[PDB]
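Q: Here you go, one structure.
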Amino acid sequence: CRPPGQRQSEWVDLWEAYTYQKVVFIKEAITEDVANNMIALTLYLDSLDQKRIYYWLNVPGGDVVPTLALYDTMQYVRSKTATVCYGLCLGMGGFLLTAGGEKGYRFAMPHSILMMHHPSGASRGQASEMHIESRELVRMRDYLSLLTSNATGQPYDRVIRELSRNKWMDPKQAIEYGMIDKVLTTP
Amino acid sequence: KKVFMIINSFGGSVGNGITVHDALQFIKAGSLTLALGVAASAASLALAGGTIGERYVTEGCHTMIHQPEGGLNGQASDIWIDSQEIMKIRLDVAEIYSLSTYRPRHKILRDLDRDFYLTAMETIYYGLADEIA
Amino acid sequence: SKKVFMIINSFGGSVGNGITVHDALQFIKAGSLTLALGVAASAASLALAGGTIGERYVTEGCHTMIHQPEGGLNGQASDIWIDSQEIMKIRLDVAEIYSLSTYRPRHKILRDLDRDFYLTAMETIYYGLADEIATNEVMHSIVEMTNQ
Amino acid sequence: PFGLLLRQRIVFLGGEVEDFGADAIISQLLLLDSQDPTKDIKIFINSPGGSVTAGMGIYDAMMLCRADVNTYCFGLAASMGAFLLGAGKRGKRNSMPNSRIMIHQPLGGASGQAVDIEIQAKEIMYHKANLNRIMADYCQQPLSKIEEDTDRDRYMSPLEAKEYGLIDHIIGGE
Amino acid sequence: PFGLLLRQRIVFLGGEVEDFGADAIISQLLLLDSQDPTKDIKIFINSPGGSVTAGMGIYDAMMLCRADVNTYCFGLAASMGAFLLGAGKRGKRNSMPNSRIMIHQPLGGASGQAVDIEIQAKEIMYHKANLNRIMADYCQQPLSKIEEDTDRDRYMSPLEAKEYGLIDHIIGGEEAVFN
Amino acid sequence: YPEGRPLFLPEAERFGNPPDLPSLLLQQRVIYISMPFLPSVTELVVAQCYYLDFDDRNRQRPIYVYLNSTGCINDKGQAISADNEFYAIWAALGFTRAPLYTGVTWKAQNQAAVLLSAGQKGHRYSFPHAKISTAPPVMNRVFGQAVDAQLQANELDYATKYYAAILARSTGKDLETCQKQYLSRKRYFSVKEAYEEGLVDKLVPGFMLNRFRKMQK
Amino acid sequence: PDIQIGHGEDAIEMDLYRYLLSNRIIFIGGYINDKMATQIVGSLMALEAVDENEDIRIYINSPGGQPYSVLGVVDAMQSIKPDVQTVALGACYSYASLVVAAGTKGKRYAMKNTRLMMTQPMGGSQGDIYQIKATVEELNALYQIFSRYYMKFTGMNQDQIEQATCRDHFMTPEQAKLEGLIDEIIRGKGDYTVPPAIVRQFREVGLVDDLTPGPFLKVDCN
Amino acid sequence: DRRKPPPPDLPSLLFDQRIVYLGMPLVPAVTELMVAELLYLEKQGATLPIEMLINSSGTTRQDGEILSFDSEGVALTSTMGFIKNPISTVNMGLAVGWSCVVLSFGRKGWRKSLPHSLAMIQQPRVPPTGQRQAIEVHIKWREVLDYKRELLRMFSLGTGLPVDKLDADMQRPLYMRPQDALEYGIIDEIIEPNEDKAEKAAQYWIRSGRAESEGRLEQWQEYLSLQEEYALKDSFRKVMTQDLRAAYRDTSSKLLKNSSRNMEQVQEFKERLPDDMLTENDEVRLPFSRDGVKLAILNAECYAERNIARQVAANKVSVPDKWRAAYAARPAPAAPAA
Amino acid sequence: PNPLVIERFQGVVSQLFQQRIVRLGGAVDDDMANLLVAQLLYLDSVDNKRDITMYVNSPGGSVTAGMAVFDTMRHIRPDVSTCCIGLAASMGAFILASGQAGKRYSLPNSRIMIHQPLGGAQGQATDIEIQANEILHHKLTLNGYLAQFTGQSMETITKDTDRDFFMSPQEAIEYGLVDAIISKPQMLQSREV
Amino acid sequence: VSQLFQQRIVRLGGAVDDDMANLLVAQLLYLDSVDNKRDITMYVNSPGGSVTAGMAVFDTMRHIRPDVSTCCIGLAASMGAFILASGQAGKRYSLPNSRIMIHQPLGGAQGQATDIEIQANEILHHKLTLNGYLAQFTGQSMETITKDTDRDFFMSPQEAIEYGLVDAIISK
């Protein structure tokens, strides 16, 4: 998916060409690097003007802190946000799918595969260090569960019990569960 | 005006084949899909994703069809959950093949079981392709 | 520029590439002036002997080392045998090319490819792989040709 | 430890069947054949399997003996523990109640030119046919049924194995 | 078989000489001395070198022994085996007709702050002087010539060494000495 | 199609400054040799020489050759490349017309020291704490009979006599003398010792120390 | 699956190789490095100390050796009292090759299907010109020593050794017996099969042709 | 002419003249690039020709390290079948495996090669499976077999040779110089060097006086002398062999056997007379070597130093001290010792 | 492997050796061949008449070490009867072929593979010729010996061993590699029919 | 080692670690259990070691009943040198060609400002303790010994005789 596609007058790269139209393709699992690039892109796109930012996600997973940073940047910008799911949204990608446009602007392709699970993490040290890290990670689970529950409309206690293991969904299950809002078809 | 997809892919993850199949169906003007040499599973899905009536295979080309693969790791219940999704993937791939070949879905599931090879003419007859170059 | 100047300084390379460059240089209609700076190993010695005869220059401080093809090969006894016969045929190809470039008999060339063989400027010109010492005026004129 | 049990005519077929391991088991079997012709040899099996050539070598040393060769299962008997477990004297194949017996078509590989591939595939098809015949001979099942079951990794408990014919006794009964 | 030879007061020093190898040989020589004080020891040296520290340990052990300690080099004696071979009792050093004897300086290095670098240069220079001083005494050659020779990377036949003062006899009567 | 002629500084001052630094130095007729004499440096220097003697109108504008390389031998004294890379550079720098000024920034060692000496008399520069050193040529480990090692010894003796010839022409000494003093053992020169022996001639022009400037202020 | 030894099973049951060495048999396997040379010289001298007049038998199946270790071993072989009787097995590759020639003349043997080899001393030059001159002198001294030993044992001319050592020279027992490296070939129960090299030597003197190759291995495909 | 600028680099410069340069091991990137360029060159016109230069080592390094697969070549060759404008394929250097099929797959009569280029063909190999099951080994072999058959069919369309002959030849590496490739069917022409170049080279060697005196004549004389000497030595070896066979026939003319009657019996009714079969059962006749050449004069050589033998007669009873358990070996009328 | 497995196997190896049963297991490298030559020489010294039984179970091995074992088999006094169990492949198959004529056996379910030597030639063209002559000499010698053992012809053998040629012991008998199959009677299962 | 061990010979060879120190300590305690009077001799050849293991060996040497005579063979370097200097007075021997080195402790640290400062002042504690013990063993003052241990101090056996580390030489 490299070839620069022609723009208004010149040859510009495919992903830069997309962002010229506010479209932000996220295609890699969210590591520090991709998250920083997408946070920067979101901030600059909101800088140009305020129309709307569509995020097309193919995320197969990712790390928790960078994903929450990207979420907070999406919420901070003036322009609204819509998230479409081309391919699949797993874990923190399935959390980003519930990060933009609560009012009926989450779409998914018909065979997109959706998955949510409680955020992972790992850290060791002293005893007290493990206390501090464990308390922080429990705070993180609770925050992401509050966000998931207020995004989908499911009870907080239900979400806690559901996401402890992996949770997989077809787009029909995702509409019925409240994860997304519409499924893209030929139109 | 019609996406003309030349296919020559010895392999790939089946989920990516599904994703490319969905991307193909997304655009409304038809898609031509010409396979050269080989079209394995992730590309066999792409080949079956072209416009019925406009999917071509070459005399030398061979089509691979197989069930998805996966590695799992974790507790017993994690393994159970992950097995359930791989089964969902295999069922979806059988459904896509059924839509393109108009053949019993259970029969297509039986044929997916192990690695399945089709010559160009068997690709035509099965239904993944329509004509020979 | 009805001449193609080809400047040589390279410590080796597979001999098949030297054969390819030799054949190409002998195929094009336009002349060729091949200059050696410093060294010209196996493939570079083939490329140096490949230029137009009479315009194969070599500096005072250049060395030309020609060695027989060296190969490596694994497999069954028949595969070792067949690859062996091919490597001998390549050695004969290289000996014949040097024999025709330098006018020495193939048997004195083959005797010399028995072992790695270093030649100085006078030794290289005497032997026949190059034709003239490269003095400053030579590519004074070469640069002037590229400019005129 | 183990030697003390070998003094009681017991051979532990434990760990992956390998060239060295199978050579050791065969040597122990030949020696226990020479020492006394008519005393039972007991083979204890706890192994995830191994090479087909090693497994059939152990099977041959087992069949050559003039002594009844009891077999026992401790835990797992997979793909060559199971074949060699059923290859014990009929009526004298035992198993621990909670032990897993997997039936499995032979594993083989192939690398190199198309002729090397063809030769390796021909050898593996020979081994598959041979093993199917032997397993159907001592399980007293049709060859077709053995083909279907060995198609994929089939795990049985000693009850499923006993009705399917691999074992003859279950040491805890039920 | 080495047990019988150790009973016969024959000690083998073969292969690279190292710290632990030295400690073992030192102990064997001390045992042979404390058991029997009047019967000579024979040490066979086929060694491509060693550590200066371990080599000087073995040399001290050899010079302590009341029982005259002969040496018999076979094959190689390279820059530290050669010194020990030259440290046998005068008149009782032997070599094979075609052994190769090398005399040469040690290597070294240092790193970090060049204080330790100057200290290592001083220690390598000490090793040079120490070895050369005793080499000059037993070779019976001027210390200047020994200092110059211990610089030059070179093997010598036992005939050249026997002339040079290192060894004293060649086992073979110089009938198989080949150049 | 049309023959695109590279236009040079007298007429290219109207096209602006070059984009990056190496293009700047090439335009200033400075050939900065900052990296050991690898085949890459040889290729690049040969091309720079070919471009510089290509269309100079007067070709008297000198070519500057600043050195920060240990030549064809690695830092730990074992050859990293061969002596033929030096010959190719040296030969190339000779097929030009302009006087060849050379300078040392920090290190000119083992081949770059010879190439340093090989500049114009009166125009070899160094930084006042440059370290210069001359060592015998070194081959890399190859395997064979006594004949192969003898062939390598012959090649290395050609290289040694070559360097001794250049150093004799530069330092103005007896040829075998220059072989004995420089190439016989790895010897170090400060800037003053190197100037004493003809290795260098001057500091870089305009070099004025900081407290010296202060006390002239 | 490293190795598994018998014992011989006397009242002691010691290692098999200790038993064979006690019965005066020395095995040489693998490269004759310094440890192997030390072990062989120690074995030779222990066997000498036990009995200085009875034959020692040495079996040589080794792919080479360090040249100095081989020279030490050959010096020890020539400097001991008993008859040393060397049987070559498997391979003896050039430095080990001298070890086969160094048995008591009349008692050097090779098994019917061994592969002897003769090569110039291979070493390797690196570094300054004086290190390379040192390597040249080392390899010339080794060439002289091994050439002189081959002359001493086989009686060949230094010219003949020059041709027989200019390149890796693989020999059967038959070339070795013609040249003088070995004295008798240990055959089977009447095995006289002619190896391919000897068949080629037949073809070079006109004894057999392409039409009438005789009952010898077909070397028409070379 | 200003409107189209000069091409930025060399691949654009060549491809601008419809020269598809295949010079890399046939990896998926190379195959994709080749397909894109061939489709684009058909797009610009399907009557203009395409000059494809092939200096490539197929789908695997010459070392034998598999690097793509047997289907990248199928893609490239089926592509060349798909494009309909004429393709002239010139072999440069190396054309191995699939890169040989591509060389033989151009327009017939237009496939060429440089005078020293080498075209090798062998059988595909696959990377190690990694201990799969039995059915997966069978299925992998069926995959490899189908792709080998594809290679054979395309190589049969190229050369002209049956599938079975090509399969037999492929089992081992088959190396072909342009004379051999031209014989076999791979190529049609060989690109001879320029004639004016070669003529000028010969004239320069003559006129300059370098070919005569630089040491050339002494060693060309040495070469011819060595050739003549070795030819004569081989003739002497042949003479030795023929005299050995003549001695065998001299000592075999003393025979009494009925097995010749059996050899008469076994042969057909037509060959009741000696009537050979125009095959490698070919009896070369030495005895009719009455050359009688009075021109080939013996040189001034002295064989009169050979001794005078005892002049033994074979008509004795004395026998060599041997062992034979047969007692049918009766003494012959001419050999009472038999 | 586990040290206790090694110690148990060395004990049973000593017992078998007591019973005059040497064994060739695993790839026949130089170390195994030196060991097996030593064992054969010892067994010759102990008794010059009784048979030696040589257990072949090998996947391959070096040509040179295999020929060391083979010459020692054909030189010693006692007849070395080679018996194959499991897999005699590519040099244990040659060793099995070379057992005393009429005394080479194989259990029914074994595999015999005979092929030509592998190897490698490296270096300049002349070194590759020398090394190709070494490999071709080994191939010709082994094929000549297989022709001698099996009663076949040199050309049939050379055609059969071009690639890997796996054989059951029945096919081996019918070929000439093995002379008998070792097996005890089973109970012939009566079928209802 | 056993062949030496029955001769009441304890080998401190090679750079010390905790495993080597455990072996030395076990040997010394067993040998004190065997015979509390008849002497132990101990060959020193070591380029250094961890300070704690050397301290363990030094204390085990001190409080057992037999005198642990220390004979230096080859080399003794800054931690084996301290051990050599700690043999029973009058019974610290050297070989005539051995060398003796003294130099400061070594070791790394990682962690917060607090933790690595704690590692710093434990290294200061090691330095103080070693200097005090060396002052006890040689007779020179804290200042000369601290200057000596400050920088790599290579010494000859004779100098060590008049500098107090050794008691005699075995030229005997």
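Residues in the structure tokens are numbered from 1 in each chain, the chains being A, B, ... in the order shown, and ligands are numbered from 1 in the order shown.
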Can you pull out the residues contacting residue 133 (chain G)? Cut-off 10 Å, using only C-alpha atoms, and skip same-chain residues under 2 positions away; I want them as a count of residues only.
A: 19
Q: Assign secondary structure with DSSP using the backbone only, and return the residues of region 60-222 of chain G in alpha helix (DSSP H) as a ChimeraX atom specification.
A: /G:67-78,95-101,129-154,158-165,173-179,196-204
Q: Counting only C-alpha atoms, a student should be able to say which residues of chain H come within 6 Å of chain B; what is the right answer, written as a PyMOL selection string?
A: chain H and resi 71+74-75
Q: Name all residues at most 10 Å from residue 91 (chain B) (count only C-alpha atoms; drop same-chain ones fewer than 6 positions away) and give them as a list in words.
A: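 Residues meeting the cut-off are residues 67, 68, 85, 97, 105, 106, 108 and 109 of chain B.
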Q: Near region 133-143 of chain E, within 10 Å and counting only C-alpha atoms, which residues show up once chain neighbours fewer than 4 positions away are dropped, as a count of residues only?
A: 24
